[PDB]
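Engineer: Dropping in structure-v5.txt, which is compact mmCIF, C-alpha atoms and all ligand atoms:
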```txt
# COMPACT_ATOMS: atom_id res chain seq x y z
CA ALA A 2 37.23 -104.26 -16.11
CA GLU A 3 34.97 -101.28 -15.29
CA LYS A 4 31.26 -102.03 -15.21
CA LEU A 5 29.89 -98.58 -14.19
CA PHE A 6 29.54 -97.53 -17.80
CA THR A 7 27.67 -100.59 -19.04
CA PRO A 8 23.91 -100.68 -19.57
CA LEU A 9 21.34 -102.07 -17.12
CA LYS A 10 17.72 -103.02 -17.60
CA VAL A 11 15.71 -101.34 -14.80
CA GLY A 12 12.21 -102.73 -15.19
CA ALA A 13 10.63 -101.08 -18.23
CA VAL A 14 13.60 -98.82 -19.05
CA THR A 15 17.19 -99.38 -19.99
CA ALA A 16 19.84 -97.28 -18.31
CA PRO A 17 23.00 -96.74 -20.41
CA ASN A 18 25.22 -96.75 -17.31
CA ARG A 19 25.02 -97.58 -13.63
CA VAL A 20 25.76 -94.12 -12.22
CA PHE A 21 22.44 -92.95 -10.82
CA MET A 22 21.40 -89.64 -9.31
CA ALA A 23 20.08 -90.17 -5.83
CA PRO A 24 16.89 -88.42 -4.69
CA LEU A 25 17.84 -84.98 -3.37
CA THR A 26 15.48 -82.59 -1.61
CA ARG A 27 16.46 -79.05 -2.59
CA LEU A 28 13.39 -77.07 -1.34
CA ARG A 29 13.13 -74.62 -4.26
CA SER A 30 9.46 -75.14 -5.25
CA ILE A 31 6.88 -72.35 -5.43
CA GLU A 32 4.49 -71.65 -2.55
CA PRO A 33 1.55 -71.43 -2.57
CA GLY A 34 0.93 -74.66 -4.45
CA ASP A 35 4.19 -76.62 -3.95
CA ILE A 36 4.84 -76.19 -7.65
CA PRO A 37 7.98 -77.33 -9.49
CA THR A 38 9.72 -74.69 -11.55
CA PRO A 39 11.62 -74.19 -14.79
CA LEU A 40 14.75 -73.69 -12.69
CA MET A 41 14.24 -77.19 -11.31
CA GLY A 42 13.76 -78.34 -14.88
CA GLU A 43 17.12 -76.88 -15.88
CA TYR A 44 18.84 -78.58 -12.93
CA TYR A 45 17.44 -81.98 -13.91
CA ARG A 46 18.22 -81.41 -17.60
CA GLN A 47 21.86 -80.69 -16.72
CA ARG A 48 22.05 -84.15 -15.10
CA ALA A 49 20.32 -86.11 -17.88
CA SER A 50 23.43 -88.18 -18.68
CA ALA A 51 22.81 -90.09 -15.41
CA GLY A 52 21.89 -93.71 -15.98
CA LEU A 53 18.73 -92.81 -14.06
CA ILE A 54 17.74 -89.58 -12.31
CA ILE A 55 15.70 -90.16 -9.16
CA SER A 56 13.90 -86.93 -8.30
CA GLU A 57 13.68 -85.08 -5.02
CA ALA A 58 11.05 -86.44 -2.68
CA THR A 59 7.64 -85.32 -3.94
CA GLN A 60 4.33 -85.22 -2.03
CA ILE A 61 1.56 -87.67 -2.86
CA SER A 62 -0.98 -85.27 -1.30
CA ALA A 63 -1.10 -81.97 0.58
CA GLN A 64 -1.25 -83.93 3.87
CA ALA A 65 2.03 -85.58 2.84
CA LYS A 66 3.88 -82.26 3.03
CA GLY A 67 6.51 -81.86 5.73
CA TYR A 68 8.92 -79.32 4.18
CA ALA A 69 8.34 -75.84 2.81
CA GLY A 70 9.61 -75.83 -0.76
CA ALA A 71 9.20 -79.55 -1.48
CA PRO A 72 7.09 -80.21 -4.58
CA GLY A 73 3.88 -82.14 -4.91
CA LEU A 74 2.38 -84.45 -7.51
CA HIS A 75 -1.27 -84.22 -6.47
CA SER A 76 -2.64 -81.01 -8.10
CA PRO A 77 -3.32 -80.06 -11.72
CA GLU A 78 -0.73 -77.27 -11.57
CA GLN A 79 1.92 -79.66 -10.20
CA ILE A 80 1.17 -82.20 -12.93
CA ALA A 81 1.47 -79.51 -15.62
CA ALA A 82 4.79 -78.24 -14.26
CA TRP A 83 6.27 -81.76 -13.91
CA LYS A 84 5.24 -82.53 -17.52
CA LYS A 85 7.55 -79.75 -18.72
CA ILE A 86 10.38 -81.03 -16.52
CA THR A 87 10.18 -84.64 -17.69
CA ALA A 88 9.88 -83.43 -21.32
CA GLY A 89 13.14 -81.50 -20.83
CA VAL A 90 14.95 -84.55 -19.41
CA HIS A 91 13.65 -86.68 -22.27
CA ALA A 92 14.80 -84.09 -24.86
CA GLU A 93 18.33 -84.75 -23.50
CA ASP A 94 17.87 -88.53 -23.78
CA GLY A 95 17.60 -89.02 -19.99
CA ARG A 96 15.42 -91.15 -17.76
CA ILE A 97 13.72 -89.87 -14.60
CA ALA A 98 11.95 -91.53 -11.69
CA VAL A 99 9.84 -89.58 -9.23
CA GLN A 100 10.43 -90.32 -5.56
CA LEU A 101 7.03 -90.25 -3.85
CA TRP A 102 6.67 -89.66 -0.11
CA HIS A 103 4.40 -88.94 2.74
CA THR A 104 6.45 -87.29 5.48
CA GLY A 105 4.16 -88.43 8.31
CA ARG A 106 5.41 -87.10 11.63
CA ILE A 107 8.47 -85.32 10.14
CA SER A 108 6.35 -82.27 9.54
CA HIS A 109 4.85 -79.22 11.23
CA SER A 110 1.22 -78.23 11.80
CA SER A 111 1.78 -74.82 10.17
CA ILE A 112 2.14 -76.43 6.74
CA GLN A 113 -0.57 -79.11 7.13
CA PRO A 114 -4.12 -78.78 5.79
CA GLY A 115 -6.16 -76.76 8.29
CA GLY A 116 -3.07 -76.20 10.44
CA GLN A 117 -3.59 -79.59 12.08
CA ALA A 118 -1.12 -82.06 13.58
CA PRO A 119 0.59 -84.27 11.00
CA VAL A 120 -0.26 -87.99 10.94
CA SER A 121 1.74 -91.11 11.75
CA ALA A 122 1.48 -94.71 12.91
CA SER A 123 1.44 -93.54 16.55
CA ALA A 124 1.23 -90.25 18.46
CA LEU A 125 4.98 -89.98 19.13
CA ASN A 126 7.02 -86.89 18.28
CA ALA A 127 9.84 -87.46 15.78
CA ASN A 128 12.14 -85.46 18.08
CA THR A 129 13.88 -83.87 15.16
CA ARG A 130 13.51 -80.82 12.94
CA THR A 131 11.95 -80.14 9.57
CA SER A 132 12.52 -77.25 7.17
CA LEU A 133 10.02 -74.43 6.91
CA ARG A 134 10.42 -71.01 5.28
CA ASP A 135 10.68 -67.71 7.11
CA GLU A 136 8.88 -64.47 6.11
CA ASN A 137 11.46 -63.81 3.38
CA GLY A 138 11.17 -67.29 1.89
CA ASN A 139 14.44 -68.66 3.28
CA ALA A 140 14.81 -72.20 4.67
CA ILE A 141 14.69 -72.49 8.48
CA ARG A 142 14.84 -75.54 10.73
CA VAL A 143 11.93 -75.99 13.16
CA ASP A 144 11.10 -78.70 15.67
CA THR A 145 8.57 -81.29 14.48
CA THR A 146 4.95 -81.27 15.68
CA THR A 147 3.64 -84.21 17.69
CA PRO A 148 1.56 -86.33 15.32
CA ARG A 149 -1.89 -87.84 15.48
CA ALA A 150 -2.10 -91.62 15.10
CA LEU A 151 -3.96 -92.57 11.92
CA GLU A 152 -7.30 -94.28 12.54
CA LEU A 153 -7.67 -97.72 10.99
CA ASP A 154 -10.31 -96.39 8.60
CA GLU A 155 -7.87 -93.71 7.31
CA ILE A 156 -5.37 -96.32 6.03
CA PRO A 157 -7.15 -97.05 2.73
CA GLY A 158 -7.03 -93.32 1.93
CA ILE A 159 -3.25 -93.28 2.38
CA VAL A 160 -2.93 -96.25 0.01
CA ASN A 161 -5.22 -94.45 -2.45
CA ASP A 162 -3.10 -91.31 -2.22
CA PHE A 163 -0.02 -93.29 -3.29
CA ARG A 164 -2.03 -94.93 -6.08
CA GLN A 165 -3.35 -91.60 -7.30
CA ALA A 166 0.11 -90.01 -7.17
CA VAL A 167 1.40 -92.87 -9.35
CA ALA A 168 -1.41 -92.28 -11.88
CA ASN A 169 -0.36 -88.63 -11.85
CA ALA A 170 3.35 -89.54 -12.22
CA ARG A 171 2.68 -91.74 -15.24
CA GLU A 172 0.66 -88.89 -16.79
CA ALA A 173 3.46 -86.40 -15.91
CA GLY A 174 5.93 -88.40 -18.01
CA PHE A 175 8.08 -90.04 -15.36
CA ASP A 176 9.71 -93.29 -16.46
CA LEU A 177 9.52 -94.96 -13.02
CA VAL A 178 8.37 -94.21 -9.51
CA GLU A 179 10.34 -94.74 -6.30
CA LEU A 180 8.35 -95.25 -3.14
CA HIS A 181 10.00 -93.47 -0.23
CA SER A 182 10.04 -96.21 2.44
CA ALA A 183 13.19 -94.86 4.15
CA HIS A 184 14.62 -92.22 6.47
CA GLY A 185 11.88 -92.10 9.08
CA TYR A 186 9.11 -90.86 6.77
CA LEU A 187 5.56 -92.31 6.87
CA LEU A 188 6.16 -95.76 5.41
CA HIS A 189 9.26 -96.25 7.59
CA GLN A 190 7.31 -94.92 10.59
CA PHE A 191 5.04 -97.96 10.16
CA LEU A 192 7.92 -100.39 9.49
CA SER A 193 9.93 -99.48 12.58
CA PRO A 194 8.92 -100.71 16.07
CA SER A 195 10.49 -97.51 17.49
CA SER A 196 7.85 -95.31 15.83
CA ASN A 197 5.02 -97.82 15.57
CA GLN A 198 3.30 -98.76 18.85
CA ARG A 199 0.00 -99.70 17.21
CA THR A 200 -1.86 -102.73 18.49
CA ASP A 201 -4.06 -103.25 15.40
CA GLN A 202 -3.22 -105.04 12.10
CA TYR A 203 -0.75 -102.26 11.18
CA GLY A 204 1.53 -102.70 14.22
CA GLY A 205 3.21 -105.37 16.35
CA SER A 206 4.51 -108.21 14.21
CA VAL A 207 6.77 -107.51 11.22
CA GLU A 208 3.95 -108.74 8.99
CA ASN A 209 1.73 -106.03 10.47
CA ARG A 210 4.43 -103.34 10.38
CA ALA A 211 5.12 -104.04 6.70
CA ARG A 212 1.42 -104.29 5.85
CA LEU A 213 1.01 -100.65 4.78
CA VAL A 214 4.06 -100.54 2.52
CA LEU A 215 3.07 -103.82 0.85
CA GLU A 216 -0.52 -102.57 0.32
CA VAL A 217 1.02 -99.47 -1.28
CA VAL A 218 3.30 -101.58 -3.48
CA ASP A 219 0.37 -103.71 -4.64
CA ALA A 220 -1.84 -100.67 -5.31
CA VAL A 221 0.82 -98.92 -7.43
CA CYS A 222 1.73 -102.08 -9.35
CA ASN A 223 -1.95 -102.46 -10.20
CA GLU A 224 -2.26 -98.80 -11.17
CA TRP A 225 0.72 -98.93 -13.56
CA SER A 226 2.95 -102.02 -13.85
CA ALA A 227 5.38 -103.75 -11.45
CA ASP A 228 8.24 -103.00 -13.88
CA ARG A 229 7.64 -99.28 -13.27
CA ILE A 230 7.95 -99.43 -9.47
CA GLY A 231 11.02 -99.03 -7.29
CA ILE A 232 11.30 -98.65 -3.55
CA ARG A 233 13.86 -97.01 -1.29
CA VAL A 234 14.47 -98.54 2.14
CA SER A 235 16.93 -97.76 4.93
CA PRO A 236 16.36 -100.96 6.92
CA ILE A 237 19.69 -101.37 8.75
CA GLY A 238 20.79 -98.75 11.27
CA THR A 239 19.25 -95.52 12.50
CA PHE A 240 18.01 -92.70 10.26
CA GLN A 241 16.59 -89.42 11.46
CA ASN A 242 15.99 -90.92 14.96
CA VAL A 243 14.18 -93.96 13.56
CA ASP A 244 15.99 -97.24 14.19
CA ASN A 245 14.92 -100.55 12.68
CA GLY A 246 14.17 -102.38 15.90
CA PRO A 247 15.75 -105.34 17.63
CA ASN A 248 15.53 -107.77 14.69
CA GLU A 249 16.46 -105.44 11.85
CA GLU A 250 18.16 -107.98 9.58
CA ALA A 251 15.42 -110.64 9.75
CA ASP A 252 12.73 -107.98 9.38
CA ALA A 253 14.54 -106.51 6.33
CA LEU A 254 14.80 -109.91 4.68
CA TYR A 255 11.08 -110.56 5.28
CA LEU A 256 10.19 -107.27 3.56
CA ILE A 257 12.57 -107.96 0.67
CA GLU A 258 11.20 -111.48 0.11
CA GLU A 259 7.71 -109.98 0.01
CA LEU A 260 8.79 -107.25 -2.44
CA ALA A 261 10.35 -109.90 -4.68
CA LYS A 262 6.99 -111.63 -5.05
CA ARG A 263 5.65 -108.51 -6.79
CA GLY A 264 8.40 -108.49 -9.45
CA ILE A 265 9.10 -104.78 -8.96
CA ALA A 266 11.76 -102.95 -10.96
CA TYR A 267 14.23 -102.22 -8.18
CA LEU A 268 15.24 -102.15 -4.56
CA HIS A 269 17.21 -99.03 -3.54
CA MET A 270 19.08 -99.44 -0.26
CA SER A 271 20.15 -96.29 1.59
CA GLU A 272 22.95 -97.77 3.64
CA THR A 273 23.89 -94.79 5.79
CA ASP A 274 23.17 -91.15 6.56
CA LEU A 275 25.87 -88.45 6.30
CA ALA A 276 27.26 -89.22 9.77
CA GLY A 277 28.11 -92.76 8.65
CA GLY A 278 28.18 -95.97 10.62
CA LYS A 279 28.33 -99.76 10.41
CA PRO A 280 28.90 -101.07 6.87
CA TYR A 281 26.56 -103.76 5.51
CA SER A 282 28.12 -107.21 5.98
CA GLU A 283 28.88 -109.25 2.88
CA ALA A 284 26.65 -111.98 4.32
CA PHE A 285 23.72 -109.59 4.55
CA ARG A 286 24.30 -108.39 0.97
CA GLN A 287 24.31 -112.05 -0.15
CA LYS A 288 21.05 -112.77 1.71
CA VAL A 289 19.42 -109.76 0.01
CA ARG A 290 20.71 -110.77 -3.42
CA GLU A 291 19.43 -114.34 -3.19
CA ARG A 292 15.95 -113.08 -2.26
CA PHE A 293 15.41 -110.25 -4.73
CA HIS A 294 15.48 -110.69 -8.51
CA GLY A 295 15.24 -107.07 -9.66
CA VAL A 296 17.85 -104.35 -9.76
CA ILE A 297 19.61 -103.49 -6.53
CA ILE A 298 20.85 -99.93 -6.11
CA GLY A 299 23.38 -99.19 -3.34
CA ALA A 300 23.72 -95.73 -1.84
CA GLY A 301 25.45 -93.82 0.94
CA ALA A 302 28.96 -92.40 0.83
CA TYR A 303 29.91 -94.59 -2.11
CA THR A 304 32.98 -94.13 -4.23
CA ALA A 305 33.19 -95.31 -7.84
CA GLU A 306 35.70 -97.91 -6.63
CA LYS A 307 33.31 -99.32 -4.01
CA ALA A 308 30.53 -99.43 -6.61
CA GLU A 309 32.78 -101.30 -9.05
CA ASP A 310 33.80 -103.74 -6.34
CA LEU A 311 30.22 -104.61 -5.33
CA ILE A 312 28.94 -104.69 -8.93
CA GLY A 313 31.88 -106.99 -9.80
CA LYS A 314 31.01 -109.25 -6.87
CA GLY A 315 27.45 -109.55 -8.23
CA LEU A 316 25.91 -108.04 -5.10
CA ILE A 317 24.46 -104.77 -6.48
CA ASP A 318 23.70 -103.54 -9.98
CA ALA A 319 23.99 -99.74 -9.71
CA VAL A 320 25.00 -96.95 -7.37
CA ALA A 321 23.18 -93.76 -6.52
CA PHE A 322 25.31 -90.72 -5.75
CA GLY A 323 23.79 -87.82 -3.84
CA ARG A 324 26.20 -85.00 -3.01
CA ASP A 325 28.50 -85.72 -5.95
CA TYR A 326 25.41 -85.25 -8.19
CA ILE A 327 24.54 -81.93 -6.55
CA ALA A 328 27.98 -80.66 -7.52
CA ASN A 329 28.68 -82.49 -10.80
CA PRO A 330 26.04 -82.38 -13.50
CA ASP A 331 28.30 -84.53 -15.70
CA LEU A 332 29.31 -86.92 -12.95
CA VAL A 333 29.15 -89.83 -15.46
CA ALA A 334 31.80 -88.24 -17.72
CA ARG A 335 33.93 -87.27 -14.74
CA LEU A 336 33.95 -90.81 -13.32
CA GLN A 337 34.60 -92.26 -16.77
CA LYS A 338 37.56 -89.91 -17.38
CA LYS A 339 38.86 -89.99 -13.77
CA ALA A 340 38.48 -86.21 -13.65
CA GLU A 341 38.32 -84.19 -10.44
CA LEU A 342 34.92 -83.43 -8.88
CA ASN A 343 33.64 -79.87 -8.39
CA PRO A 344 33.86 -78.52 -4.83
CA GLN A 345 30.54 -78.91 -3.00
CA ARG A 346 28.84 -75.90 -1.42
CA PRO A 347 26.61 -77.28 1.37
CA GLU A 348 25.21 -73.89 2.36
CA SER A 349 23.09 -73.92 -0.82
CA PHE A 350 21.83 -77.50 -0.67
CA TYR A 351 18.43 -76.34 0.72
CA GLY A 352 16.35 -73.39 -0.48
CA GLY A 353 17.35 -70.29 -2.38
CA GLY A 354 17.71 -70.11 -6.14
CA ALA A 355 20.08 -70.81 -9.00
CA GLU A 356 23.23 -70.28 -6.93
CA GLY A 357 24.47 -73.65 -5.71
CA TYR A 358 21.86 -75.36 -7.87
CA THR A 359 22.32 -74.80 -11.62
CA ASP A 360 25.75 -73.08 -11.49
CA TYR A 361 28.03 -76.08 -10.99
CA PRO A 362 29.93 -76.49 -14.28
CA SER A 363 30.50 -79.44 -16.54
CA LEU A 364 33.98 -80.39 -17.66
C1 LIG B 401 20.67 -82.19 0.36
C2 LIG B 401 20.24 -83.63 0.43
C3 LIG B 401 18.92 -83.97 0.16
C4 LIG B 401 18.49 -85.29 0.22
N1 LIG B 401 17.20 -85.56 -0.12
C5 LIG B 401 16.80 -86.86 -0.13
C6 LIG B 401 15.51 -87.19 -0.60
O1 LIG B 401 14.71 -86.33 -1.07
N2 LIG B 401 15.16 -88.50 -0.58
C7 LIG B 401 16.00 -89.47 -0.11
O2 LIG B 401 15.61 -90.66 -0.12
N3 LIG B 401 17.24 -89.18 0.31
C8 LIG B 401 17.65 -87.89 0.29
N4 LIG B 401 18.91 -87.60 0.64
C9 LIG B 401 19.86 -88.69 0.88
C10 LIG B 401 20.69 -88.93 -0.37
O3 LIG B 401 19.89 -89.55 -1.39
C11 LIG B 401 21.88 -89.83 -0.11
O4 LIG B 401 21.43 -91.07 0.44
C12 LIG B 401 22.91 -89.22 0.84
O5 LIG B 401 23.25 -87.90 0.38
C13 LIG B 401 24.14 -90.11 0.96
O6 LIG B 401 24.71 -90.39 -0.33
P1 LIG B 401 26.01 -89.55 -0.86
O7 LIG B 401 27.12 -89.93 0.10
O8 LIG B 401 26.21 -90.07 -2.27
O9 LIG B 401 25.66 -88.06 -0.84
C14 LIG B 401 19.36 -86.32 0.57
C15 LIG B 401 20.70 -85.95 0.85
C16 LIG B 401 21.13 -84.62 0.77
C17 LIG B 401 22.58 -84.28 1.10
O1 LIG B 402 21.24 -83.67 4.39
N1 LIG B 402 20.63 -84.94 4.16
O2 LIG B 402 21.38 -86.12 4.23
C1 LIG B 402 19.35 -84.99 3.87
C2 LIG B 402 18.70 -86.20 3.66
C3 LIG B 402 17.34 -86.28 3.31
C4 LIG B 402 16.58 -85.13 3.07
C5 LIG B 402 15.25 -85.22 2.70
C6 LIG B 402 14.67 -86.48 2.54
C7 LIG B 402 15.42 -87.62 2.77
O3 LIG B 402 14.88 -88.84 2.59
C8 LIG B 402 16.75 -87.52 3.14
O1 LIG B 403 16.79 -88.16 6.47
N1 LIG B 403 17.21 -86.92 7.00
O2 LIG B 403 17.98 -86.95 8.16
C1 LIG B 403 16.84 -85.78 6.44
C2 LIG B 403 17.25 -84.53 6.93
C3 LIG B 403 16.93 -83.30 6.36
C4 LIG B 403 15.88 -83.12 5.46
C5 LIG B 403 15.62 -81.86 4.92
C6 LIG B 403 16.38 -80.77 5.28
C7 LIG B 403 17.43 -80.93 6.18
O3 LIG B 403 18.17 -79.85 6.54
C8 LIG B 403 17.69 -82.18 6.72
```
What would the structure in this file look like if it were written as structure tokens?
Ligand SMILES: Cc1cc2nc3c(=O)[nH]c(=O)nc-3n(C[C@H](O)[C@H](O)[C@H](O)COP(=O)(O)O)c2cc1C
Ligand SMILES: O=[N+]([O-])/C=C/c1cccc(O)c1
Ligand SMILES: O=[N+]([O-])/C=C/c1cccc(O)c1
Structural biologist:
Amino acid sequence: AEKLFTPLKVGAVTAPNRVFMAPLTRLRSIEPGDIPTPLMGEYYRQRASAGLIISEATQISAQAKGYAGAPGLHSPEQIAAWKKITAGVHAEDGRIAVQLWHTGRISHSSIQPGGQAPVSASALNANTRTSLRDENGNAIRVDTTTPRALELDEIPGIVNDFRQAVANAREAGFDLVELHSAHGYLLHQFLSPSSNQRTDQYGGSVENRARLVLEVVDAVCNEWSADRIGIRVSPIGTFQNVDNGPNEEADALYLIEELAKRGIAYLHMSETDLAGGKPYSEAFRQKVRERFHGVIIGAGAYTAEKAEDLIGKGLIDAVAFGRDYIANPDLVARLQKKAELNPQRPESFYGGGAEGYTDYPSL
């Protein structure tokens, strides 16, 4: 039998189905101020039939910014704009989580406070690109700036920034928060030995590498409730030039066992980037499942059939779709009815306006 269209308790909220909208950066916010817009509100409202919407990555602070057009959740104006957006999703009987990030070294000095180098675990360039805007407001890809290593005494401020952003998210009407601990952003920069060469209590051993993310988890659980907190990890493979080191499986299971102790709402595993790669072994999925007692969300080039298979095997609880959610506001109905999926238009994934954003039709 099909399980994708059955309900699921996700911490404090109940999803009516297991077809989730993955977090999707679309870079359409207002500058100055990194402000969400009514257009963004319309886009999310169109997708409110999702079992859970997980928002685009959203800054915890101005320092957190790495992309021109990505929204924040640190200023009064951002809070006010997000309130309207969550109200719109709720008017359509949806549920929405905010994905909260600090981009760390995947950033550029031109968009940092004071024009300064972005921060990271260590002073190592990401060796990739980020997205800025040109003089006409269009998205452009630009090489990342070499970061400054955070001083030990700056770490509590980073934890506080996540805490504060969660207070703001609760006020803004989000149902859950998802900590962005994946894809080579700040939390992952600390987790990975490839990006973390620190020799203090925040580098070296896996305990030390996971210290920041677990301090963040504890701070946000205390601010709100554990049943309001999710986390996204990409702990197996390489993402955006950040690998997971020479003991990736053991290190992942350590982190997951620690997360389980906090009783958080969910663990969201980004299994691959768009270029693909090694599938998770069944054995690894089993080791994760026996250690974590919240919801597990699988993501990365899934099909409905793969989701059904893994849900049926008792290994995951839900699936997050990314690109299919860009193109199909009613993806739930389409998967339920076995309807075709709208053609994707990748040229309009990042930046611009309504075209390629709010103009994909329902059935
Ligand atoms: C345009 C675009 C933006 C994305 N933005 C985010 C993001 O903000 N946060 C995140 O964790 N992953 C982000 N991702 C990754 C997706 O959540 C997802 O893992 C990826 O698209 C693979 O899943 P899919 O095959 O269902 O599209 C993004 C992907 C795309 C294509
Ligand atoms: O084209 N992409 O696959 C983008 C992925 C992405 C883009 C922004 C943030 C993040 O965590 C992942
Ligand atoms: O995790 N990622 O590899 C993200 C990549 C990305 C993120 C934002 C814009 C873009 O063109 C690519």
Engineer: State, in Å with one decimal place, the distance from CA of residue 131 (chain A) to CA of residue 155 (chain A).
Structural biologist: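 Separation of CA of residue 131 (chain A) and CA of residue 155 (chain A): 24.1 Å.
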Engineer: Using Å and a single decimal, report how far CA of residue 96 (chain A) sits from CA of residue 337 (chain A).
Structural biologist: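 We find that CA of residue 337 (chain A) and CA of residue 96 (chain A) lie 19.2 Å from each other.
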Engineer: At a cut-off of 7 Å around ligand LIG 403 (chain B), and using all atoms listed in the file, what residues come up? Please write them as a list in words.
Structural biologist: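 Residues satisfying the distance criterion: residues 26, 131, 132, 142, 184, 185, 240, 241, 274 and 351 of chain A.
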Engineer: Looking at all atoms listed in the file, which of A:75, A:279, A:29, A:324 is the one that sits closest to ligand LIG 402 (chain B)?
Structural biologist: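 Checking each candidate against ligand LIG 402 (chain B), we get A:324 as the closest.
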Engineer: Could you list, as number ranges by chain, all residues that come within 9 Å of ligand LIG 401 (chain B)? Count only C-alpha atoms and all ligand atoms.
Structural biologist: A: 22-28, 55-59, 71, 100-102, 181-184, 233-235, 270-275, 300-304, 320-327, 347, 349-351
Engineer: Got a sec: who's within 8 Å of residue 126 (chain A), counting only C-alpha atoms, leaving out chain neighbours fewer than 3 positions off, as JSON, numbers by chain?
Structural biologist: {"A": [106, 145, 146, 147, 148]}
Engineer: Would you work out the distance separating atom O3 of ligand LIG 402 (chain B) from CA of residue 104 (chain A), expressed in Å to one decimal?
Structural biologist: 9.0 Å
Engineer: For ligand LIG 402 (chain B), which residue out of A:195, A:79, A:108, A:15 is the nearest one, using all atoms listed in the file?
Structural biologist: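 Between A:195, A:79, A:108, A:15, the residue approaching ligand LIG 402 (chain B) most closely is A:108.
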Engineer: Which residue is closest to ligand LIG 402 (chain B)? Choose from A:179, A:331, A:258, A:208 and count all atoms listed in the file.
Structural biologist: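 Nearest candidate to ligand LIG 402 (chain B) out of A:179, A:331, A:258, A:208: A:179.
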Engineer: From the list A:267, A:281, A:358, A:203, which residue is nearest residue 318 (chain A) when using only C-alpha atoms?
Structural biologist: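 The shortest atom-to-atom distance to residue 318 (chain A) comes from A:267.
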